[PDB]
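*Asks:* In the first instance, please consider these chains from the complex; the rest will follow:
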Amino acid sequence: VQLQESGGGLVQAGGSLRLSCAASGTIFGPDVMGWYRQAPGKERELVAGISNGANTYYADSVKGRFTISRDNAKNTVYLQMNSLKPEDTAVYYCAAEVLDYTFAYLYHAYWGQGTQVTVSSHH
């Protein structure tokens, strides 16, 4: 499949953003969607995950601040964050997992291009 990402950009500390990621699959596209983050000089970390409805998962560092939602009309995922911090500056990636039912060990993962998010306390 293919994933198109949008919404990254610079913002003041304490603001709020919303990134969007659209998938192009054959049947339902991805079964699981997720948002990953990579800070400069740091290992890639999963920041949010969703399957459908209230089946979301949030990292302990974004619990209560971030919110992940999914729309099946366009088969896309949104990630909306409020009360941003300078620690949140990183490159965000959109991940899509298509997993098999007849064999739980089989899965396929697809990644996006990644978008920069810079929270700056400049005044």
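*Replies:* Perfect, I can see it now. Residues are numbered from 1 along each chain as shown, chains lettered A, B, ... in the order given.
*Asks:* So which residues of chain A form helices?
*Replies:* In chain A, no helices are defined using DSSP state H.
*Asks:* so who does the residue most central in space within it touch?
*Replies:* The structure's chain A has its C-alpha centroid closest to residue A:35; by C-alpha atoms, centre = their mean the separation is 2.1 Å. The contact partners of residue A:35, by C-beta atoms under 8 Å, 6 or more residues apart in numbering, come to A:19, A:21, A:46-49, A:68, A:77, A:79, A:92-95. To be clear about C-beta, it is placed using only N, CA and C from the backbone, and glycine gets the same treatment.
*Asks:* let's see it at 10 Å
*Replies:* A:5, A:19, A:21, A:46-50, A:59, A:62, A:66, A:68, A:77-79, A:81, A:92-95, A:112 (C-beta atoms under 10 Å, 6 or more residues apart in numbering).
*Asks:* Tally up the residues packed near the nearest residue to it once chain neighbours are set aside, please.
*Replies:* Using C-beta to C-beta, 6 or more residues apart in numbering and skipping residues adjacent in sequence, the residue nearest residue A:35 is residue A:48, 4.3 Å away. Residues lying near residue A:48 (other C-beta atoms under 10 Å) number 22.
*Asks:* Could you do residue A:56 as well?
*Replies:* 17.
*Asks:* Grab the nearest non-local neighbour of it.
*Replies:* Using C-beta to C-beta, 6+ apart, the nearest residue to residue A:56 is residue A:50, at 4.7 Å.
*Asks:* What's opposite the one you found in the beta bridge?
*Replies:* On the basis of DSSP bridges, residue A:50 is bridged to residue A:33.
*Asks:* mind checking how far it is from residue A:102?
*Replies:* Distance, residue A:50 to residue A:102, by C-beta to C-beta, to the nearest Å: 23 Å.
*Asks:* So for those two, which residue has more residues nearby?
*Replies:* The residue with more neighbours, out of residue A:50 and residue A:102, is residue A:50; 21 against 5, by other C-beta under 10 Å.
*Asks:* Please report how far the more buried one lies from residue A:118.
*Replies:* Distance from residue A:50 to residue A:118, by C-beta to C-beta: 25 Å.
*Asks:* likewise residue A:38?
*Replies:* Taking C-beta to C-beta as the measure, residue A:38 falls 13 Å from residue A:118.
*Asks:* hey, what's in contact with both of those two?
*Replies:* Contacts common to residue A:38 and residue A:118, judged by C-beta under 10 Å, 6+ apart, are A:90, A:91.
*Asks:* now the strands for chain A?
*Replies:* A:2-6, A:9-12, A:16-24, A:32-38, A:45-50, A:57-58, A:66-71, A:76-82, A:90-99, A:107-111, A:115-120 (DSSP state E).
*Asks:* Run through who's touching the second one.
*Replies:* It refers to strand A:9-12. A:17, A:19, A:81, A:84, A:88-89, A:115-123.
*Asks:* Most neighbours out of the residues you listed, which is it?
*Replies:* Most surrounded of those: other C-beta under 10 Å gives residue A:81, at 24 neighbours.
*Asks:* For it, which non-adjacent residue is closest in space?
*Replies:* Leaving aside its sequence neighbours, residue A:81 sits nearest to residue A:66 (C-beta to C-beta, 6+ apart; 4.8 Å).
*Asks:* can you tell me which residues contact the one you found?
*Replies:* Residue A:66 touches A:35, A:47-48, A:56, A:58-59, A:79-84, A:88, counting by C-beta under 10 Å, 6+ apart.
*Asks:* one more time with 7 Å, if that's ok
*Replies:* By C-beta atoms under 7 Å, 6 or more residues apart in numbering, the residues touching residue A:66 are A:47, A:48, A:58, A:79, A:81.
*Asks:* here's chain B, drop it onto the model above:
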Amino acid sequence: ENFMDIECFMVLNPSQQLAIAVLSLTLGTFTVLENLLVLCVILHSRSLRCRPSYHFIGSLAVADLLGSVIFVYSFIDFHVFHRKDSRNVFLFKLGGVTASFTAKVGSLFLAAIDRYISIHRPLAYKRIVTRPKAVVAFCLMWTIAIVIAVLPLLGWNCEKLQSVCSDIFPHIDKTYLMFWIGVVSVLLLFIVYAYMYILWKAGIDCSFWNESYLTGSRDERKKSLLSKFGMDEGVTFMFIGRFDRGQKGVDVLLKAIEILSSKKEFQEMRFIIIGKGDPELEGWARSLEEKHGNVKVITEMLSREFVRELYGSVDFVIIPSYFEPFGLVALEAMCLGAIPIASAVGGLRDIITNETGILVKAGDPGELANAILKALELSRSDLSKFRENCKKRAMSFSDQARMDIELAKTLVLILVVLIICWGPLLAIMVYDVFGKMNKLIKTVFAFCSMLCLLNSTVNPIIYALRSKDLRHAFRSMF
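*Replies:* The block that follows adds chain B to the chains above:
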């Protein structure tokens, strides 16, 4: 050149003409009444009409109405009233029946697609197949069938084109007849192949994670597996999945293993860790594998049957996942009789109960180690009750697939009944298209034309006998 011309076959005495007429009226009226009853039951039950999986019924009955009422009407304007029929009204009468047949075939096609999506792509069924989408698809199919049936009325007859036309069907060009026969034949063949493929794949796939495919007993299988891995008998724990941070807690499992390695119980404990991922976690797992003789790490690709054998040999399965939306690993392990020590998060909470496994706090290596120690202590006594409970709980989640396969089998039965009913008529129509005829073929065609009404009779019987939901709704209305 009248529709349902009974002037032929003067063999029967006029004495039984009344008997034939009354039988025809009774059959037509019974078909109309039962089709109306089925439609009313479907429309007046909110549970039934909101399910796309049953929408085909609401189509088929309507088709069964279209081919029935017209027949009764087409019998009124010939026998009791001798009103001769012109070209346009006769073409409309034939178009009704052709539209009914095409709508039946299209409804079977859409039902086959829905069954494939429901059975072989379950994780998408609640999203790909929605009620508005099903309604739109059925409406589009009905419009296509109506257009195909109406095409001769819009200037595709053998008078406006001035071309040779059929003998059994006057005022109807043979080219349109051949086109319609080809379309319905190829569609029916594709539907038959699709249903056969769906049923075969469902049979081979759904009944896979079962104990009946393994030879021996639990103890000997575990002993043989440990001997193949060069380890002595002991309580065996199994982890299978992804080597990563954030999704599956293989790092949590490794920390718990390191914590437990400092105790005296680690001597009576075996660990298997299967998966592939980042080089760092794989290196950590291999270092633990070489440090401890009771730890085995597999990174290669494992066949489905080998994983099935592993599930049916180990004692416990550890699932310390941070985010598990479906928990298919737990489902397979419980189907093959393995007590799961899983994290209480996501889809693992509703699958595993306190009597069918152990639940652990996510992301706590110490709590996971304590739960593993608790499982080891519990393993001292008998464990067959836990295995039976796990099997029952896992099979409780496979009911929907079995109902879907039953619905698919019902659809296959409906399709084969339709094929038997509409076979000889289409064969005679092809013989018309390819070559000429004698009066005997016309007579047998006129005699076999009632199989359509028999099909419209027997379809509601199949719907009532097969589906329990329709019976429940019918008794509710009573």
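*Asks:* Please re-evaluate the contacts of residue A:66 in the presence of chain B.
*Replies:* A:47, A:48, A:58, A:79, A:81 (C-beta atoms under 7 Å, 6 or more residues apart in numbering or on different chains).
*Asks:* Residue numbers of chain A in contact with chain B?
*Replies:* A:27-28, A:31-32, A:45-46, A:49, A:51, A:55, A:57, A:72, A:101-105 (C-beta under 7 Å from any C-beta of the partner chain).
*Asks:* In PyMOL, how would I select the buried members of these?
*Replies:* Command for PyMOL, covering only those of the residues of chain A next to chain B found buried under the criterion 16 or more other C-beta atoms under 10 Å in any protein chain shown:
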select buried, chain A and resi 28+31+32+46+49+51+55+57+101+103+104+105
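*Asks:* phi, psi of residue B:242?
*Replies:* phi -100, psi 140 (degrees, to the nearest 10).
*Asks:* For it, list each beta-bridge partner.
*Replies:* Note on residue B:242: beta-bridge partners by DSSP bridges are residue B:276.
*Asks:* Is it correct that it is in contact with residue B:273?
*Replies:* No. Residue B:242 lies out of contact with residue B:273 (C-beta atoms under 7 Å); the separation is 11.4 Å.
*Asks:* Comparing the two, which residue is more hemmed in?
*Replies:* Applying other C-beta atoms under 10 Å in any protein chain shown to residue B:242 and residue B:273 shows that residue B:273 carries more neighbours, namely 26 against 19.
*Asks:* What is the neighbour count of residue B:246?
*Replies:* Residue B:246 has 19 neighbouring residues, counting by other C-beta under 10 Å.
*Asks:* Settle this for me: it is touching residue B:322, isn't it.
*Replies:* Yes. Residue B:246 lies in contact with residue B:322 (C-beta under 7 Å); the separation is 6.1 Å.
*Asks:* Just the CA trace of stretch B:340-350, in PDB.
*Replies:* Output of stretch B:340-350 as PDB, limited to C-alpha atoms (Å, rounded to 0.1, in the frame of the first residue of the first chain):
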ATOM      1  CA  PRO B 340      -1.800 -18.000  28.300                       C
ATOM      2  CA  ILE B 341       0.100 -15.600  30.700                       C
ATOM      3  CA  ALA B 342      -0.900 -12.400  28.800                       C
ATOM      4  CA  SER B 343      -0.900  -8.700  29.500                       C
ATOM      5  CA  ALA B 344      -4.200  -7.200  30.500                       C
ATOM      6  CA  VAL B 345      -4.500  -4.700  27.700                       C
ATOM      7  CA  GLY B 346      -6.300  -4.300  24.400                       C
ATOM      8  CA  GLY B 347      -8.100  -7.300  23.000                       C
ATOM      9  CA  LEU B 348      -6.500  -9.700  25.500                       C
ATOM     10  CA  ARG B 349      -8.800  -8.600  28.400                       C
ATOM     11  CA  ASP B 350     -12.000 -10.000  27.000                       C
END
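*Asks:* Could you pull out the buried residues of that stretch?
*Replies:* B:340, B:341, B:342, B:343, B:345, B:346, B:347, B:348.
*Asks:* Can you tell me the SS state at the residue lying closest to residue B:413 once chain neighbours are set aside?
*Replies:* The shortest distance from residue B:413 to any non-neighbouring residue, by C-beta to C-beta, 6 or more residues apart in numbering or on different chains, is to residue B:462 (6.4 Å). Following DSSP: H, G, I helix; E, B strand; the rest coil, residue B:462 is assigned to helix.
*Asks:* What is the helix or strand containing residue B:419 packed up against?
*Replies:* Following DSSP states H and E, one finds residue B:419 within helix B:399-433. With contacts defined as 3 or more C-beta pairs under 7 Å, 6 or more residues apart in numbering or on different chains; DSSP states H and E, helix B:399-433 has these neighbours: helix B:87-120, helix B:174-206, helix B:439-448, helix B:451-466.
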